[PDB]
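Engineer: For now just these chains, pulled out of the complex without moving them:
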Amino acid sequence: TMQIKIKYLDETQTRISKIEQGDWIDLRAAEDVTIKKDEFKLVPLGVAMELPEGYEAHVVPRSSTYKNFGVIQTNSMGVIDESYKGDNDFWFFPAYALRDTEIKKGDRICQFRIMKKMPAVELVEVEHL
């Protein structure tokens, strides 16, 4: 079956456990991050990946992220292209804190799945619809 190659920041990153096929996959904070109310921090997830050809990954918060950490994801959903596959192309969670909050290294703060890229399209200008 088609594979994703994963490289981790260092040996202290908890490896993504064996997955239940089809499920979205959780991602972990790579270090402790403190964020003050109304402030923004790009949280490292200590992974870089080579996605299957023609695929992209979508990243959103876990259901309990707001409840547990009082952050929102500022891009709503991160889109990661197949091309973002290099040796230092690490993934981040863009968190805005709605209250004072502490995120612990290892905390499962967002989740991802892969999806085929959209079919090739051609956009054609018309004067009226």
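Structural biologist: Yep, that arrived. Numbering: from 1, shown residues only, chains lettered A, B, ... in the order given.
Engineer: so how far is residue A:87 from residue A:16?
Structural biologist: 18 Å (Cβ to Cβ, to the nearest Å). Heads up, the C-betas are built off the backbone N, CA and C, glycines and all.
Engineer: Show me which of the two is the more surrounded one.
Structural biologist: For residue A:16 versus residue A:87, neighbours defined as other Cβ atoms under 10 Å are more numerous around residue A:16 (16 against 7).
Engineer: What's the separation between the more buried one and residue A:126?
Structural biologist: 47 Å.
Engineer: cool, and residue A:113?
Structural biologist: For residue A:113, the distance to residue A:126 - Cβ to Cβ - is 35 Å.
Engineer: So for those two, which residue has more residues nearby?
Structural biologist: More neighbours surround residue A:113 than the other of residue A:113 and residue A:126, with 14 against 5 (other Cβ under 10 Å).
Engineer: My reading is that the more buried one lies in a strand. Confirm?
Structural biologist: Yes: under DSSP: H, G, I helix; E, B strand; the rest coil, residue A:113 falls within a strand.
Engineer: what residues are up against the closest residue to it other than its chain neighbours?
Structural biologist: Nearest in space to residue A:113, with sequence neighbours left out and distances taken as Cβ to Cβ, 6 or more residues apart in numbering, is residue A:24 at 4.8 Å. By Cβ atoms under 8 Å, 6 or more residues apart in numbering, the residues touching residue A:24 are A:111, A:112, A:113.
Engineer: Wait, the last one touches residue A:26, no?
Structural biologist: No: with the criterion set as Cβ atoms under 8 Å, residue A:113 and residue A:26 do not qualify as a contacting pair; they are 11.0 Å apart.
Engineer: put chain B onto that model:
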Amino acid sequence: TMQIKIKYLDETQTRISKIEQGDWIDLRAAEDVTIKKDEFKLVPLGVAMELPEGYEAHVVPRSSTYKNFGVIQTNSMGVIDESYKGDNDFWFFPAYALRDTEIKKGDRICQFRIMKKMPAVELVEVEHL
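Structural biologist: Chain B, in position alongside the others:
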């Protein structure tokens, strides 16, 4: 056709009307909810469902939700897996209010569609990409 089994919380919930196939499907607040500026409320949607095998649902705000209700969805997009199919597995909309607001029972406050879960993937750790 693929069947979605749906259970309503009680007799007073307005039933999901006959759908136009393909279109996202609107969901309604199960109760009146007051939310003060800068506070958070889980809004009951009054429904639990068994989705098609190999699928998941995605839930987002309706276009008019902010204008009408002054709230954002704190998880960005809700993911509901096929396995969330229990008699007690009700759906909620996690609302953060950017202003004082009152959501009324019946209000179509978000929408959902089903989508096939991601294919078989094999994560392989590598030293370098």
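Engineer: mind redoing the contacts of residue A:24 now chain B's in there?
Structural biologist: By Cβ atoms under 8 Å, 6 or more residues apart in numbering or on different chains, the contact set of residue A:24 is A:111, A:112, A:113, B:56, B:79, B:81, B:118.
Engineer: just the buried members of the residues you listed?
Structural biologist: A:111, A:112, A:113, B:56, B:79, B:118 (16 or more other Cβ atoms under 10 Å in any protein chain shown).
Engineer: In which helix or strand does the fifth one reside?
Structural biologist: Counting by DSSP states H and E, the element that carries residue B:79 is strand B:78-81.
Engineer: which residues does the nearest residue to residue A:23 once chain neighbours are set aside bridge with?
Structural biologist: The spatial neighbour of residue A:23 that comes closest, neighbours along the chain excluded (Cβ to Cβ, 6 or more residues apart in numbering or on different chains), is residue B:81 at 6.5 Å. Judged by DSSP bridges, the bridge partners of residue B:81 are residue B:56.
Engineer: For residue B:81, give its distance to residue A:111.
Structural biologist: Taken as Cβ to Cβ, the span from residue B:81 to residue A:111 is 11 Å.
Engineer: what sits against the residue nearest to residue A:87 when sequence neighbours are not counted?
Structural biologist: Among residues not flanking residue A:87 along the chain, residue B:129 sits closest, at 5.1 Å (Cβ to Cβ, 6+ apart). By Cβ under 8 Å, 6+ apart, residue B:129 lies in contact with A:5, A:7, A:48, A:49, A:50, A:85, A:86, A:87, A:89.
Engineer: Of the residues you listed, grab the buried ones for ChimeraX.
Structural biologist: Of the contacts of residue B:129, the buried ones go into a single ChimeraX selection, burial set by 16+ other Cβ under 10 Å:
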select /A:5,7,48,49,50
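Engineer: Here is chain C, add it in:
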Amino acid sequence: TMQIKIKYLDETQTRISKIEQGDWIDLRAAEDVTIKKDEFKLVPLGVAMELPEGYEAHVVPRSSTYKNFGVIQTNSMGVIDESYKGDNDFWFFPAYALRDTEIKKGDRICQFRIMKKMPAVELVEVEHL
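Structural biologist: Chain C now in position relative to the chains above:
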């Protein structure tokens, strides 16, 4: 390959036709938009589109949108059904400003892709799951 008809607000709008290979496609502010901290504005994108039959479009912010402009998208992810294909069906980015900001005419502000609508489903009410 799949055709999308595009109509622009006026001749000053930046045309976005190029050979596509499945990447998301960037949309741009149709005019200057100034938003104050804790205020909301619909940002015009200066485009109306006829999507391929059976398809919908999804819109999200760009990765750098928050960093550069300090706005979030209030609906999280915009959904644009194939049915929004009329001559005045212009596209908007619903922007909530977390700090004072200035979006300039021509600025890339968000990104879209298309996706096949969800297949036909039959919703069936049950007394219990």
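Engineer: quick recheck of the contacts of residue A:24 now chain C is there?
Structural biologist: A:111, A:112, A:113, B:56, B:79, B:81, B:118.
Engineer: how much space between the second one and chain C?
Structural biologist: Read it as residue A:112. 14 Å (Cβ to the nearest Cβ, to the nearest Å).
Engineer: do the same with residue A:71
Structural biologist: Distance of residue A:71 to chain C, computed by Cβ to the nearest Cβ: 12 Å.
Engineer: beta partners for that residue?
Structural biologist: Beta-bridge partners, per DSSP bridges, of residue A:71: residue A:97.
Engineer: burial count for it?
Structural biologist: Neighbour count for residue A:71, taken as other Cβ atoms under 10 Å in any protein chain shown: 26.
Engineer: Spatially central residue in chain A, please.
Structural biologist: The centre of chain A sits closest to residue A:59, judged by Cα atoms, centre = their mean, with a distance of 3.9 Å.
Engineer: That residue - nearest residue in space that isn't next to it in sequence?
Structural biologist: Residue A:59 sits nearest to residue A:78 (Cβ to Cβ, 6+ apart), 3.8 Å away.
Engineer: Spit out the contact partners of the one you found.
Structural biologist: A:57, A:58, A:59, A:60, A:91, A:93, A:94, C:63.
Engineer: Restricted to strands, list these.
Structural biologist: Taking DSSP state E, the ones among these that sit in strands are A:57, A:58, A:59, A:60, A:93, A:94.
Engineer: Which single one of those residues is nearest to chain C?
Structural biologist: When the ones in strands among the contacts of residue A:78 are compared for distance to chain C (Cβ to the nearest Cβ), residue A:94 wins out at 6.2 Å.
Engineer: Thank you, goodbye.
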